[PDB]
Structures are given as structure tokens and as C-alpha cells.
Amino acid sequence: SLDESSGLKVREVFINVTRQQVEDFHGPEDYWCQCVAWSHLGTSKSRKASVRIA
Amino acid sequence: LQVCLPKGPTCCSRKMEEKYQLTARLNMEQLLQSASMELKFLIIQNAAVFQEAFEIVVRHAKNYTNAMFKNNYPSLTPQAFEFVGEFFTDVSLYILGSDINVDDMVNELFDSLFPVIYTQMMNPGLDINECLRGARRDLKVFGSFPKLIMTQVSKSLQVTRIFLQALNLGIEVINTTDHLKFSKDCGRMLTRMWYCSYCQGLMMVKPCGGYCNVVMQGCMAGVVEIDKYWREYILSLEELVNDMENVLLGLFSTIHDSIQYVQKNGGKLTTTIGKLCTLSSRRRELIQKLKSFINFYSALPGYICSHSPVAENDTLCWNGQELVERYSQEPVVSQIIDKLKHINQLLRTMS
Amino acid sequence: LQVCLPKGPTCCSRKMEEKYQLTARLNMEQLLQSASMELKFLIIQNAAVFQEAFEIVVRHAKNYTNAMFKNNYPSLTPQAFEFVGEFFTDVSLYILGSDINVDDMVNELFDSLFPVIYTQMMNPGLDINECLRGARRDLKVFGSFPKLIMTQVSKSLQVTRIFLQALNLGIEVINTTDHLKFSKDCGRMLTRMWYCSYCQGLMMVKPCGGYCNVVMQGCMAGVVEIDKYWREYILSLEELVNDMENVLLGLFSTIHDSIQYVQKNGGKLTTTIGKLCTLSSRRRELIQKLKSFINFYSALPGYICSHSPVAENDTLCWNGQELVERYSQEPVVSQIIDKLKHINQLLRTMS
Amino acid sequence: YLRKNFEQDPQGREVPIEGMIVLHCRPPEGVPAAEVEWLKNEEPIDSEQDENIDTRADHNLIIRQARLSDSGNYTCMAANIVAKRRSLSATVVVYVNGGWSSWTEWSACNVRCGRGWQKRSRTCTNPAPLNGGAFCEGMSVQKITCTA
Ligand SMILES: *[C@@H]1O[C@H](CO)[C@@H](O)[C@H](O)[C@H]1NC(C)=O
Ligand SMILES: *[C@@H]1O[C@H](CO)[C@@H](O)[C@H](O)[C@H]1NC(C)=O
Ligand SMILES: *[C@@H]1O[C@H](CO)[C@@H](O)[C@H](O)[C@H]1NC(C)=O
Ligand SMILES: *[C@@H]1O[C@H](CO)[C@@H](O)[C@H](O)[C@H]1NC(C)=O
Ligand SMILES: *[C@H]1O[C@H](CO)[C@@H](O)[C@H](O)[C@@H]1O
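Residues numbered from 1 in each chain as written, not as in the entry; some residues may be left out. Chains lettered and ligands numbered in written order. Part of a larger assembly, values for the part shown. Heavy atoms only, no water.

Regarding how it was determined, this PDB entry cites X-ray crystallography in its header, along with a resolution of 4.600 Å.

Going by the annotation in the PDB entry, the name recorded for chain D is Netrin receptor UNC5D, with Rattus norvegicus given as the source organism.

Going by the PDB entry, chain A carries the name Netrin receptor UNC5D and comes from Rattus norvegicus.

1. Some points on the overall build of chain A
Keep this limit in mind: Every helix listed is a DSSP run of H or I at least four residues long, and every strand listed is a run of E at least two residues long, numbered separately from the N terminus. It is over C-alpha atoms that the radius of gyration is taken, and the globule rule equals 2.2 Å times the number of residues to the power 0.38. Every residue pair with non-hydrogen atoms within 4.5 Å of one another is taken to be in contact.
If you tally the helices and strands in chain A, you get one helix and four strands. In sequence order, the secondary structure elements of chain A are arranged as α-β-β-β-β. The C-alpha atoms of chain A give a radius of gyration of 15 Å, which is well past the 10 Å a tight globule of 54 residues would have. Expressed along its principal axes, the backbone C-alpha trace of chain A runs to roughly 45 × 20 × 15 Å. Sequence-distant contacts in chain A: of pairs separated by 6 or more residues, those separated by 24 or more amount to 19%.

2. Section: the packing of helix α3 (residues 102–122) of chain C against helix α4 (residues 129–138) of chain C
All names here are of chain C. This is how it is decided: Inter-axis angles, ranging from 0 to 180 degrees, are taken between N-to-C directions of lines fitted to C-alpha atoms, where helices are fitted over the stretch in contact. Just so you know how the angles are binned, under 35 degrees is roughly parallel, over 145 roughly antiparallel, 65 to 115 roughly perpendicular, and the rest oblique. Two helices that cross are described as forming a left-handed crossing if the nearer one is turned anticlockwise from the farther one by less than a right angle, and a right-handed crossing if clockwise.
Between α3 and α4, the least distance of the axes is 9 Å, while the angle of their chain directions is 120°. When the axis of α3 is compared with that of α4, the two are oblique. For the pair α3 and α4, the sense of crossing is right-handed. The residues of α4 that touch α3, namely those facing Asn107, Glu108, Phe110, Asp111, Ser112, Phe114, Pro115, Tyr118 and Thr119, are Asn129, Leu132, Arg133, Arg136 and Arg137.

3. Side note on the nonpolar core
This is how the line gets drawn: Here, nonpolar core refers to any group of buried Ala, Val, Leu, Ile, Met, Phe, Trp, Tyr and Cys residues whose side-chain atoms link them within 4.5 Å. Three exposure classes are used, based on accessible area relative to the maximum for each residue type with a 1.4 Å probe and protein chains only: buried under 20%, partly exposed in between, and exposed over 50%.
By size, the foremost hydrophobic cluster in this structure holds 128 residues, and its most contacted members are B:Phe69, B:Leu113, B:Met216 and B:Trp230. Residue contributions to this core peak at 16 residues, all from helix α1 (residues 14–72) of chain B. One finds C:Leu76, C:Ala166, C:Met193 and C:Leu286 within the second-largest nonpolar core, a separate group that totals 108 residues.

4. Some thoughts on the site of ligand 2
Residues and elements named next belong to chain C. Worth spelling out the cut-off: Residues are labelled near a given molecule or strand when at least one of their non-hydrogen atoms is within 4 Å of it. Polar contact criterion, stated in full: a pair of N or O atoms within 3.5 Å, where within protein one must be able to donate a hydrogen and the other to accept it, and residues adjacent in sequence count only if both atoms are side-chain atoms. Areas reported as accessible are Shrake-Rupley estimates using a 1.4 Å probe. Residue values count occlusion only from the protein chains shown. For this classification, the nonpolar set comprises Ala, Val, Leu, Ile, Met, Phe, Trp, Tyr, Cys and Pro, the charged set comprises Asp, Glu, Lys and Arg, and every other residue, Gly included, is treated as polar.
Taken together, the neighbourhood of ligand 2 is formed by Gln33, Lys40, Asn175, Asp178 and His179. Here an oxygen atom of ligand 2 and a side-chain polar atom of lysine 40 are 3.3 Å apart. Within the side chain of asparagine 175, an N or O atom sits 2.4 Å from a nitrogen atom of ligand 2. Calculation on ligand 2 without its partners gives an accessible area of 360 Å², and the protein chains cover 38% of this total. Across the shell around ligand 2, the residue classes tally to no nonpolar, three polar and two charged.

5. Considerations on the site of ligand 4
The environment of ligand 4 is formed by B:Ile171, B:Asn175, B:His179, D:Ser101, D:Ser102, D:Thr125 and D:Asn126. In this structure ligand 4 sits where residues from chains B and D come together. A distance of 2.5 Å is found between an oxygen atom of ligand 4 and a side-chain nitrogen or oxygen belonging to B:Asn175. In isolation ligand 4 offers 350 Å² of accessible surface; the protein chains occlude 68% of this area. Tallied by class, residues from the shell around ligand 4 come to one nonpolar, six polar and no charged.

6. Concerning the interface of chain D and chain B
The line we're drawing: Computed with a 1.4 Å rolling probe, the buried area is the accessible surface lost when two parts are put together, summed over both parts. A pairing counts as a salt bridge when a side-chain nitrogen of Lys or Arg comes within 4 Å of a carboxyl oxygen of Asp or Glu.
Residue-level contacts link 14 residues of chain D with 16 residues of chain B. Taken together, both faces of the contact between chain D and chain B bury some 1200 Å²; the carbon and sulfur share is 56%. There are zero salt bridges connecting chain D and chain B. Linking chain D with chain B are three residue pairs in polar contact. When the residues that make up the side of chain D that touches chain B are grouped by side-chain class, the tally is eight nonpolar, four polar and two charged.

7. Comments concerning the UniProt feature "disulfide bond" in chain D
Residue and element names in this part refer to chain D. Basically, it comes down to this: Any two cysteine sulfur atoms within 2.5 Å of one another count as a disulfide. UniProt positions are given in the numbering used here, feature names are shortened, and annotations may be inferred rather than shown by experiment.
With a threshold of 2.5 Å on the sulfur distance, the UniProt-listed cystine of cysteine 25 and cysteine 76 is realised in this model at 2.0 Å. Of this pair, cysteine 25 sits in the loop between β2 (21–24) and β3 (35–40) while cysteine 76 sits in strand β6 (residues 72–79), and the two are 51 residues apart along the sequence. The same class applies to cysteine 25 and to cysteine 76, which are both buried. Below 2.5 Å lies the sulfur separation expected of a disulfide, and the 2.0 Å found between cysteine 109 and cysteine 146, a pair UniProt records as linked, sits within that range. Of this pair, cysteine 109 sits in the loop between β8 (90–94) and β9 (115–121) while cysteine 146 sits in strand β10 (residues 141–147), and the two are 37 residues apart along the sequence.

8. A short note on the sheet that holds strand β4 (residues 53–55) of chain D
Residues and elements named next belong to chain D. In plain terms, the rule: We call two strands paired when DSSP finds no fewer than two bridges between them.
Here we have three strands laid out as an open sheet, ordered β2-β5-β4, and antiparallel in their pairing. Where the open sheet ends on each side, the last strands, each with one partner, are β2 and β4. Taking each pair of neighbouring strands and ignoring which way they run, the sheet shows an average axis angle of 15°.

9. A word on the state of the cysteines
Applying the stated criterion across every chain, the model contains 15 disulfides over all chains. Between the sulfur of D:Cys25 and that of D:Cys76 lies a disulfide, 2.0 Å long from S to S. Its S-S torsion of about -85° marks the bond between D:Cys25 and D:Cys76 as left-handed, since a negative value means left-handed. Between the sulfur atoms of D:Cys124 and its disulfide mate D:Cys136 the distance is 2.0 Å. Between D:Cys124 and D:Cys136, the disulfide has an S-S torsion of 80° and is therefore right-handed. Linking D:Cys124 in the loop between β9 and β10 with D:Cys136 in the loop between β9 and β10, this pair joins segments that are twelve residues apart in sequence. Here the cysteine-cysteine linkages of chain D are recorded as 1-2, 3-6, 4-5, numbering only bonded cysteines and doing so in sequence order. A disulfide-free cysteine, A:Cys33 has its sulfur positioned 9.1 Å from the sulfur of A:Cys35, the nearest such atom. For the unlinked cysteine C:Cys11, the closest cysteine sulfur is that of C:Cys12, found at 7.7 Å. Among the residues examined, C:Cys11 registers a relative accessible area of 60% and is labelled exposed.

10. Details of the arrangement of the chains
Between chains B and D lies the most contact-rich interface of the four pairs of chains that touch. At their nearest point, the C-alpha atoms of chain A and chain C are still 45 Å apart, with no contact between the two. Looking at chain B next to chain C, you find no contact at all, with the nearest C-alpha pair sitting 31 Å apart.

11. Here we look at the pairing of strand β1 (residues 315–318) of chain B
Summarising the sheet, β1(B) and strand β2 (residues 323–326) of chain B pair through three bridges and their orientation is antiparallel. Among the inter-strand pairings, B:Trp318 is bridged to a residue of β2(B), identified as B:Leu323.

12. Things to note about helix α10 (residues 226–241) of chain B
Residue and element names in this part refer to chain B. This is how it is decided: Expected span of a helix: the number of residues minus one, times 1.5 Å.
Its 16 residues place the ends of α10 23 Å apart at the C-alpha level, agreeing with the 22 Å of an ideal helix rising 1.5 Å per residue. Looking at α10, one finds that the buried residues are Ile226, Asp227, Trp230, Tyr233, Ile234, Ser236, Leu237, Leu240 and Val241. Packed against the buried residues of α10 are α1, α5 (145–177), α9 (221–224), α13 (279–290) and α15 (331–350).

13. A closer look at the environment of B:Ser292
Along the chain, B:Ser292 turns up in the loop between α13 and α14 (300–307). Within the structure, B:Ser292 has its side chain in polar contact with the backbone oxygen of B:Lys289 (distance 2.3 Å).

14. Some thoughts on helix α12 (residues 279–290) of chain C
All names here are of chain C. Here is the rule we go by: Taking the helix axis as origin, the arc is that swept by the directions to the C-beta atoms.
For α12, built from twelve residues, the straight-helix expectation of 16 Å at 1.5 Å per residue is met to within 8% by its first-to-last C-alpha distance of 16 Å. For α12, the set of buried residues is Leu279, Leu286, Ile287 and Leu290. For α12, the buried positions fall inside an angular range of 95° around the axis, keeping them on one side. Facing away from the buried side of α12 by more than 90 degrees, the exposed set consists of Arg284 and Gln288.

15. Side note on the packing of aromatic side chains
Note the cut-off: Planes of paired rings set the category: under 30 degrees apart is stacked, over 60 is edge-to-face and the rest tilted, where pairs are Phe, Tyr or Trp rings (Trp by its six-membered ring) whose centres lie within 6.5 Å. Only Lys NZ and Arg CZ are tested; either one counts as a charge over a ring when it is within 6 Å of the ring centre and within 35 degrees of the ring normal.
What the rule picks out here adds up to 35 aromatic pairs over all chains. With a centroid separation of 4.5 Å and an interplanar angle of 65°, the aromatic rings of B:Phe110 and B:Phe142 are classed as edge-to-face. With centroids separated by 6.4 Å and ring planes inclined at 40°, the aromatic side chains of B:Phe114 and B:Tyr118 adopt a geometry described as tilted. Of this pair, B:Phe114 and B:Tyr118 both sit in helix α3 (residues 102–122), separated by four residues, roughly a single helical turn. Judged by relative accessible area, which is 0%, B:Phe114 ranks as buried. Since its relative accessible area comes to 7%, B:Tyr118 is described here as buried. A network of ring pairs unites the aromatic residues B:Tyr20, B:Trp194, B:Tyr195 and B:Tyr198 as a single cluster. Taking NZ or CZ as reference, B:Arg161 lies 4.4 Å from the ring centre of B:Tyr94, over its face. Just above the ring of D:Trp103 sits the side chain of D:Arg120; from NZ or CZ to the centre is 3.7 Å.

Shown next, in the form of C-alpha cells:
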């Protein structure tokens, strides 16, 4: 994508998470996911979103 | 001094006596832990293995049910996966001791199954959902299938749940043994038997075998009484092993036949509703290994004396107060016995 | 000072002000009691009379049943006296508000009556007693007589029980009226209206009629709100009076006919069992006298001002702070309203 | 004269292994004063037989510890020269709450080179649920990735 406020390269990534992935996951913490973005200067991590079976 | 009987002079003060008492406490606890470690690890291993094996069985049965829904009733997916997953989740939760109602599992399963059958198989083409859920039980659309599954699975799930509870309670009492705190009089007697010889300036003298016997039979009078109940626990577990894999794995055939049964009366049903709205090997090896520890509580003082430094000859030994040529001669236990009685009654009623 | 507004000097201290406040409290309580006394005595008289009359009716009905048993079925005495006394004791206990089941009264009556009938009237000649008690209900030996008596007596006893409870709660609220504690601000306003003129040295000056009206409408804003519920109470009681003497007095005839009915099938019954084993005037006058007090709560401030010394002309009168030529111009109440709402719902439902 | 309806029936209670519970009983109105007797599962209980159970002058059954007197259907019964009356039986069930475990040591990485595994167990045995106690809440196993 390209933003209107500023002409710079924007990236939007979507990842599907199924129920079978969470119910079959036997880790120590709640099924969490993090987002890492790569730049010419370095990298940046996002919030750890924990997908749980309600 | 309040422990070391001063017959001559003495090389130790009151504070050294307290240090010897605490070291006696630690030595007794370590000896009990060493006595109980083999059996504790055996029961922990088996509890873990059986838990994982039952979870594997439940997962495989859920997979089999989902696969036969995919193959025979594609029109019921993906809703079929939701209620199958909820059903087997509640199954596992019941197996692991949670408060789950088996009859409620089966009833919610059929309550969720009927509306999708009606909307996708019988009358193709959200708010009317509850009317269908009520009509499921009011018109007995599934016949005797729900009660058949109810009894079939309740009978196996209760014995499996109580098997796991029995394993866990055995772990509990065996863990309590090595944390059994004793009387003050026994603390002083153990201090005399193990250390008070050092206060009289002796370096390598060991207590007499008979003195160790009288001391141990002195403070283990309560603990030895557990032996009857522990033996009954072992034998009742043996009674129980002499069942849940076959049932959960035939569940798919039973449900398929129930769906056929409901489809059989579709003519009247649609009009009425439109108007109205290696495991057995493991438990055998476990029982055969558990019967080797049936003497655990009766052989316990013998273990403490045979693994403590003692003069078995009863010659040139320490008698608690002097070096002789020849020797002259509970609330937590109540809780252990209470829980053993409870689990034994529960076992015996099951088989 | 905290009550008497000092415009000039003053002839009274703070302690005299407290004395005047307490005398104001006593005067208000006396005026309310004088307003409520006629109605209180009316309801107390009627409550006492109805209570004694119902007890007389129950005693006389028990007497008549016992006498008809003595005369017609001497073979059933003295056991008949025991179960008749227990039945009418439970009757009175239900009338007076105790938790008694009417159906259970009748069922225990016939359960006790049948075995003595069988042993003394049908099969002449203690352990087999319970088999007879079971056979009474299992074979329906008394036909529809038990249910007939059950409804006949439950219908009258419930209306009588609720009539007595309604009379007692009316007594309760009327006793609460003259004991209604008021706000501190109203205490000070009444002290100013009745006595603070004496602190300014006046001997016979009376408060203005309009000042009495504003003060009374000031502290009776809550009490006047009771009028709606009191009117509904009166009218619901009138709805209820438009019953228990006839039923309890015909009970003996009904029981005799039931005994005849059971004796009618003795042939088959003995073999099968041997093998197997001025009031209405008073309530009318009460309601006609009670309707004269339907304005009780709305006319109450008018009563307090018309029976307190006031200058009706509003000329040369006391306005709470000075002598003028012309005048310028919950919790316990909540409990009263709660109980009135409760008793009104209970009244209306028996209608 | 003895009444049928009990003045106050004993109430069923849920009590932990160490908890104390008092079972209240008010016999029906009667002359003479009703003689209250406690029956555990339709069988009388002896106050002198055990320190844990005792009978009070005001007809109350006090249990200090749920160990010396476990679950049952306690029933209050009033006896009189007239007759006897049974109260509604109270279902007293003693429950044990689930109690996990102290963590174990981390296991060695099964794989010598690359992604390995380390396990830590936390059992539900201190105390183990009894007579339908609530099971332990949360996970029983802990697994972490290791690089050797
Ligand atoms: C019932 O009435 C008769 C009338 O002669 C009387 O003699 C008897 O004492 C009365 N019994 C009771 C219990 O009132
Ligand atoms: C109201 O009940 C109370 C209770 O002590 C009593 O003091 C009072 O005399 C009764 N009321 C009337 C106004 O007679
Ligand atoms: C206790 O009472 C219940 C029903 O009141 C019953 O299911 C149970 O089997 C009874 N028996 C006992 C505790 O002996
Ligand atoms: C053994 O008892 C100790 C006391 O700290 C406890 O920490 C440990 O969890 C126990 N083992 C069990 C509960 O099986
Ligand atoms: C065991 O684990 C923790 C203790 O930190 C608690 O969440 C709870 O007591 C549980 O049963």
C-alpha cells in the first residue's frame, strides 16, 4: 500500500489462525503471535497478540 | 541439658544439642524421602503416562468422529466439528476430574446436532434455532440413542476418572510420608541415638540395633497403622483394573445410526416441525509393580534402622546414654488414613 | 439557641428550649393518638371478636364431630377422638398462620380413620396398621370424599387466615401512625409554632392557621402518601368479605357419608385387604364502619391544626418568630407502605 | 401433643477437610420438651465415642474437623412420650480443593544439535481432589525450546 498523508511504502500482512492450531498447541504460554517489520535501518517488534480458544 | 543425659562430663552445650536435634530432623526426613522415592516416581510416571494415553484416545476418537462426519455427512460440516469438539473437550475435562455432567454432554451434543440436520438434510432453506432444540427432546426424535450413549460412556468415564483420582491420592500419601513431622520426645530419642554419643567424646560409635528398634517402633506406632489401609488400597486398585477406548471409538457408528434413525421419519418430522415452528498391558504392569510395595508401611522402621548406622551385633554400641558391652532392652496420619478409607470405599463401589 | 429565632432578647435558655422540644414531641404524639384512637379501638375490638369467634367455631365443630362419633360409631372410639382432635388442632394452627398443609390434614385424617374402621367395623379380630394405611390411598377406599373435603375446607380456611392477618396488620399500621417519629427540622418548627412565643414573653398568643398549615404540610408530606395504599387496603378488604362456619359444621355429615360409602363395598374390600395384608353481620358492620375512615391519612394534618390552638382569622397571631398583624405565607413510612402493598396484593389475589 | 412440622430442619453443607460445621435443629413444639437424637445415614451417632462430635443442650451437632466425621446424610429426630418425628435429612459432603505441585527440574535437550526440548511437571496432588473437589486450574506441563 501507499499512504495518502505521506508517499511511503506501507505493508499490510494477514495470517489465518485456525482452531486446530490452538487446540493442538501444547506450549507453556497462551498461543501468542508477534509481528516483526524489517526496514533499511533495523527491525521492530509489535504487541504479542495471544489467540485463545473461547 | 534437655536431651543428652549427662552421665559423666559433656563436650556439648545446649545450643549444640539444638543443632544436633535439627540435624536429626533433616536426617530422618532424608531417610524417609530415600525410602519413598522409588514408589513416588513409579506412581508419578504411571499417572502422567495414563493421563497422556487417555488424552491421545480422546483426541483420536474426536478425529475419527470428525472424519466420519466429513465422509458421510458433508452437509453437517463445519457445524458438526463445533459440537464434536465441544463434546470431546467436555469428555477430557470429565476424565481429568472436573465437574462435568455426562448426561448434559450427550444432551447438548444432540441439541446442537438436530437443527443443522433439519436445516441442511431434511428442509434445505438462527432465530428459529431454539424451537428446533426444544422439538428435539419434546418429540424424542433420536429415540433411545441418547440414553444408550449416555450409559455407555458414563460407565467407562466414571471408572477412568476414579482410576486417575486413585493414582493421584497414592502420590499424595506417599509424598506425605517423607514430610511426616514427629513428636518432640522422638526428636530427643533420635538425637540421643544418632548424635549424643559425640557429646560424650565418641567418634565412630554406632547405636545398638535393638535400641534403634525400640526408638523406631516408638515414634512409628501411628505410621505403621496405615499398613492395613495401604494394602486395601493396592488390592482395591487391583479390583478396579479387572473399556473406554472401544466406546469412544464406536461413538461414530452409534451417532451415524442415530442420524439414519432420525432421517427415517423425515416425512412426518418436516411437516410437524414446519407447523410447530497396549493400555491393558500398562495397567497390568503397574499393578504387578505396585504389589511389590504392599509392605511399604510395615517395612518402614526396618528400612530406617537398616539404612542408619547401627551396630547389628548389639556389641560395643551406643544405647542412647552410654557405651555398653551388650544392650539391655497423629493428625496428618489420621488424614492419610481418612483419605485412604475414602478412596478404598470409592474403589470397592466401582468394582 | 438552635430553635427560638432571637429577634430581641429572650426569656428562655437552651435547656428550656430542649424542654419545649420534648413537650412538642409529647403534644404531637398525644394529638396523633387522639386522632387514631377511635379507629384503633374499632379494629382491635373486631380483631379480638373474630379471633375468639373462629376459635369457638373450631371447638364447636370438633365437639359435634366427636359427639356424632360417640353416637353413631362407638366401635371407632376412643381412637376417633384422637384423630378428630389432631385434625381440628391443625385446623386452628392453620387459621392462626402456622405452616400447615390442608391436603395433609385431610389425608392424615383418613389414613388414621381407615384402619380402625377395618379392624372394628368390617373385620372384627397394631403391626398390620401401616399396610391398612397404604391400602387406604392405593385402593381409593373413600372415593372422591377426601378431595371434596380438601377443597371445601382449604377455600374457607385460606380466606379466614388472610382476613385475620389483614386485621392484625391494620392494627399494626394504625399503632405506628401516632408513634411516627419526625425530622429534627419539624421538631424545631413545631417548637416554634407552639412554645417559642413563650420565650418572647407572650402568654396567650396562638399560632396562625396558615403557619400551622405550612408546618403540617411540611412534615406530613410522607404520611399523606400512605392515603392511596390505605384506600386500596379498605377496598380490597371489602372485596374479600364478599364462609368457614358452614363448612366446618357440615364436616361431620360429610365424614359420616364417607364412612357409609366405604362400608358400602365391604364385601370386596375385606377380602382384597385380607389377601393383600351472626358472623356475616359482624363483617358487614365492620366494613361499613371502616369505610368512614377511608380519609384518615388525608384529613390528618387538618385534624392536627383544627385540634391545636390556632388563630383561624390569621390576625394578631404567632408566625413562628414574631407577633404579626397578618401572616405572610420516611423509613418507617416506607415500612408502612411496604406492608400495605404486600397485604393489598394478598387481598386482591383471593379475589 | 407433638407437632408434625419441624421448627427448623438441618441444612446440607459443603465443608473442606479442615473446616468446621454446626448442624442446627429445632424440634417441633411439644410437651414435654422433645429429645433430639442425631442419626448419620439412618444410624445414630455417639457423642462420647469421638472428640470431634459433641451434642449441645440447644440441639446442635458441631463438627470441628471433617476428618474424624466424613460426609453423610445427617438427620435430626425428635423423640417424645407421644411419638417420634423425623426432620429433613441434610446432605453434608466434605470437598477437597485441587492443589497443584512444586515444579520439577528442566529435562535435558533431547536433540544434541539444533532445536531441543525441556519439560517441567506440575501435578495436582497437594492436595489431590477428593469426593468431587474442583480440579486444579491451568496447565500441568511446561515446555521450552532450547539451543545446544
Ligand atoms: C358436647 O356436647 C354435649 C351436649 O350434651 C356435652 O354433654 C359434651 O360435654 C360436649 N363435649 C365437648 C367436648 O364439648
Ligand atoms: C402500640 O404498640 C405499643 C407497644 O409497646 C404500645 O406501647 C401501644 O400502647 C400501642 N398503641 C396504642 C395506641 O394503644
Ligand atoms: C443420601 O440422600 C440422597 C438423597 O437424599 C441419596 O441419593 C443417597 O444415596 C443417600 N444415602 C446415604 C448418604 O447413605
Ligand atoms: C510434596 O510435598 C511438598 C511440600 O512443599 C510439595 O511442595 C510437593 O508439591 C509435594 N508433591 C506432590 C504434591 O505430589
Ligand atoms: C495452582 O497454581 C497457582 C499457585 O501459584 C494457583 O493459580 C492455584 O492455587 C492453582 O490451583
